[PDB]
């Protein structure tokens, strides 16, 4: 939806425990994206198994699901032009060893299993993840007065 494109991000348990929620949110805010949903939740294994359905055959799947269910996550939806692709760039490579300094994982993480945050990998993935984690009435439309200074 051009500037109405949306992505799903989640601060993983390690991000909450290391007190980096503010830091992470601040990076998306300063970039210009619009926060349209946010909540702290404890996700069920049932929800996480669907979230990570595509990874079901992978050897880390079981531990990934257990870990993501082990503590609070901060679920979020962000809106803006190219937000899915750009979010992934801000976050950095899956494996923090390949994420350059300046990215979230490049600055804050070491190991792939403790890489702070999840972000949708495509517009289609984001659509699915947003619907899985949030009801329609948790996604807010608000008139963004900053928008005039971010978009032509």
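Numbering follows the first chain given and starts at 1.
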| item | value |
| --- | --- |
| Stretch with the higher entry mean CA B-factor, where the candidates are 51 to 59 and 112 to 120 | 51 to 59 |
| Which of 7 to 15 and 140 to 148 has higher mean CA B factor, as the PDB entry lists it | 140 to 148 |
| Out of 64, 91, 40, 37, highest CA B-factor residue | 64 |
| Third assignment of residue 131 from its chain's C-alpha B-factors | highest |
| Third of chain Cα B-factors occupied by residue 44 | middle |
| Residue 86 - Cα temperature factor, lowest/middle/highest third of chain | middle |
| Residue 125 - which third its CA temperature factor falls in, relative to the rest of the chain | highest |
| Third of chain Cα B-factors occupied by residue 103 | lowest |
